[PDB]
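# Structure assessment
Each chain is listed here by its residues.
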Amino acid sequence: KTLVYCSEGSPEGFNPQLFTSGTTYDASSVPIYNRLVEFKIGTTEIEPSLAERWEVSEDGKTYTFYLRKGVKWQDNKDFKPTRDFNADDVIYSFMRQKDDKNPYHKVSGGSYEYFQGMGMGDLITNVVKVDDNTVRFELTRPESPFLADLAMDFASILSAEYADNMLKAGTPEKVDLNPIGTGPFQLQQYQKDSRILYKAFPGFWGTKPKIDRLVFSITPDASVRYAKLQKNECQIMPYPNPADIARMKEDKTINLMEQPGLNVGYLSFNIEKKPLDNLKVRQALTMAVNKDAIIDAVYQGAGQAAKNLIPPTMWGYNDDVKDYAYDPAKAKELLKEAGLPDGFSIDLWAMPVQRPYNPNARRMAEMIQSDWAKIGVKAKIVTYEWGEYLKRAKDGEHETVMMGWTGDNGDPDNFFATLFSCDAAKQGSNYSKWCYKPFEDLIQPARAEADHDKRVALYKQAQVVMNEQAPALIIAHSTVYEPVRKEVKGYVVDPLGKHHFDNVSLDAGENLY
Ligand SMILES: NC(=O)CC[C@H](NC(=O)[C@@H](N)CCC(N)=O)C(=O)O
Ligand SMILES: [Cl-]
């Protein structure tokens, strides 16, 4: 049986270590690779995966994983494995990211954005082979999110034998170009911006998928995606046009699943660029924007105007945080107070693809542009190919940039630290380039703290500190809609935002209306 998924854009590549977009993860880490541990689908409950069990030392600084035996690696034209998954695969996977003397560290540019943005290098002091089936992580300090971190895409396990061979053959880049995993699907063909083809991996260690061919039809226009869905040219699609939601609910070919998103959409201010280093200017740009008007016009009601980086469904949420008011007059006065009575010009980057937290960045940019103009700020809307967009914003080239997040592990650390820490400003996904000690003073002890109520207290104050400094314009938390042909059984919406096909089957017959 063949399932066709209409994806929203092209993946950036096939080694998940090197990238941060859900687009890439759906095409790489989710189908092809495994992690040591895995969340139960639809939840953030951690379950055994490549590690069948683990122990944690009483001081929390040592994690020992006992690895599943008999796990086969995939094969391709350049690689046939001579051994099964073991500790060396795990050690290669992490040392490549951590160690600049590992031969693969600079391969494909070595942009381990998650690894570096989460400060995993300062945390993980060693990864040790206890024996062929036992690996030990040694940490410099306790880290409550660490187990959840190992369930994330960036911590996918790559093949050390494959890596060995490709290095000896003088073509190490093939590890990143031609993926070899332990997972349920293997990559068969990729035609850039057109299609991805997968077949079920016969030697897969887990429960076999109920489909044996998986096709991604790369389809960036949401209206075209829905047209294909109605024709059953694809059976699943993400990010429907917000205007389409009403007739989709009446569409008897599909089940329209919906849930509150574990996500956020925002506009990052690059505080390295004038005049965005000025606090009153950031507050003025924030107060000029009517967020409720964006929820109405861009999301067509399907979300909530935001004051905090984390959505209401994330624990630690601080409801006592004080929203910036929509007040252009006062925003103009703040600019005057800042010594900018005649405003200024600034660029506003908007991605060209739909995101779970932003269904139409272009249209939203036009609204913010119109809002900013009322206070004398002239925004220039800029866009890039999705992969290039992320790369250049990571390089700090933007002045302001539209951005967002679906949580990866259910933990507040994965929002506050991964998006707004100093580590993330230097080498991660903090495109505000904001590095602020009183923030660090909260989010860093919060990771090390094991007491849940104490973690809640620290994150609540991190929201206060962040709101006071306005390093980003926090716009929305959005409703998630996932249209699925009724012929599809077994599909489960992921609050962590990836799309999983290893669990789905297709009915015998089909609806032709
Ligand atoms: N600027 C960035 O690196 C963020 C891009 C953003 N990524 C994510 O939200 C992560 N958490 C991947 C998880 C997911 N999308 O399912 C994106 O738009 O994909
Ligand atoms: Cl909020």
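Residues numbered from 1 in each chain as written, not as in the entry; some residues may be left out. Chains lettered and ligands numbered in written order. Heavy atoms only, no water.

The record names X-ray crystallography as the way this model was obtained, at a resolution of 1.956 Å.

Looking now at the packing of aromatic side chains. As enumerated under the stated definition, the model contains 27 aromatic pairs in all. Taking the centre distance of 4.9 Å and the plane angle of 75 degrees together, the rings of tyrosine 5 and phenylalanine 216 count as edge-to-face. With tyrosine 5 in strand β1 (residues 2–7) and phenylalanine 216 in strand β10 (residues 213–218), this pair connects stretches of sequence that are 211 residues apart. Classification of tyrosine 5 by relative accessible area gives buried; the value is 0%. When its relative accessible area of 2% is taken as the criterion, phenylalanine 216 is described as buried. Taking the centre distance of 5.7 Å and the plane angle of 45 degrees together, the rings of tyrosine 266 and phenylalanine 420 count as tilted. A residue pair is termed long-range when its members are at least 10 positions apart, and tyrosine 266 in strand β12 (residues 263–269) and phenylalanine 420 in helix α16 (residues 413–420) qualify at 154 residues. As far as the burial class goes, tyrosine 266 and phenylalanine 420 line up, both buried. A connected cluster of aromatic rings, assembled from ring pairs, spans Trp54, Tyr63, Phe65, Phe94, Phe137 and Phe146. Directly above the ring of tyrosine 66 sits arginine 53, whose terminal nitrogen or CZ lies 4.7 Å from the centroid. (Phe/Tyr/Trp six-rings, centres within 6.5 Å; stacked < 30°, edge-to-face > 60°. Helix = DSSP H or I, 4+ residues; strand = E, 2+ residues; numbered from the N terminus. Buried < 20%, exposed > 50% of the residue type's maximum accessible area, 1.4 Å probe, protein only. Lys NZ or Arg CZ within 6 Å of the ring centre and 35° of its normal.)

In the vicinity of ligand 1 there are 18 residues, among which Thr20, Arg355, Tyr357, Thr406 and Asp408 approach most closely. Here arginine 355 contributes a side-chain N or O atom positioned 2.9 Å from an oxygen atom of ligand 1. A distance of 2.7 Å is found between an oxygen atom of ligand 1 and a side-chain nitrogen or oxygen belonging to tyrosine 357. Alone, ligand 1 offers 460 Å² of accessible surface; in the complex the protein occludes 99% of this. Elements supplying a minimum of two residues to the shell around ligand 1: α4 (113–117), α15 (386–394) and β16 (400–406). Per-class residue counts for the shell around ligand 1 are eight nonpolar, seven polar and three charged. (Near = heavy atom within 4 Å. Polar contact = N/O pair within 3.5 Å; in protein donor to acceptor, adjacent residues only side chain to side chain. Areas by Shrake-Rupley, 256 points an atom, 1.4 Å probe, with all protein chains shown as cover. Nonpolar A, V, L, I, M, F, W, Y, C, P; charged D, E, K, R; others polar.)

Let us now look at the pairing of strand β7 (residues 134–139). Within a regular strand, the side chains alternate between the two sheet faces. Here five bridges tie strand β5 (residues 62–67) to β7, and the two strands are oriented antiparallel to one another. Paired with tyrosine 66 across the strands is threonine 134, a residue of β7. Pairing analysis gives six bridges linking strand β6 (residues 124–131) to β7, with the strands arranged antiparallel. Bridging from a neighbouring strand, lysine 129 pairs with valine 135 of β7. What sits between β6 and β7 in their antiparallel hairpin is a turn of two residues. (Pairing = 2+ DSSP bridges.)

The subject of this paragraph is the environment of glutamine 469. As for its position among the elements, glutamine 469 is in helix α19 (residues 452–469). Considering only alpha carbons, one finds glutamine 469 and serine 28, 441 residues apart in sequence, at a separation of 37 Å. Apart from residues no more than four positions distant in its own chain, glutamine 469 is found in contact with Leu279, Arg282, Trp434 and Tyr436. (Contact = heavy atoms within 4.5 Å.)

By the assigned domains, the protein chain splits into domain 1 (1–9 + 179–259 + 479–513), domain 2 (10–178) and domain 3 (260–478). In this assembly, 32 residues from domain 1 lie in contact with 34 residues from domain 2. Between domain 1 and domain 2, a total of about 2900 Å² is buried, with carbon and sulfur atoms accounting for 63% of that surface. Contact with domain 2 buries area across many residues of domain 1, yet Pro179, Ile180 and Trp205 alone supply 29% of it, more than any other trio. Where domain 1 touches domain 2, the interface holds one salt bridge. Where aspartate 153 meets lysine 498, a salt bridge forms, and the shortest distance between an N and an O atom there is 2.6 Å. Breaking the side of domain 1 that touches domain 2 down by element, the ones donating at least two residues are β8 (185–191), β9 (195–200) and β10. Looking at the side of domain 1 that touches domain 2 element by element, the count peaks at four residues for β8. Class assignment for the residues of the side of domain 1 that touches domain 2 results in 18 nonpolar, nine polar and five charged. (Domains from an automatic or database assignment. Buried area = accessible area lost by both parts, 1.4 Å probe. Salt bridge = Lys/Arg side-chain N within 4 Å of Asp/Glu carboxyl O.)

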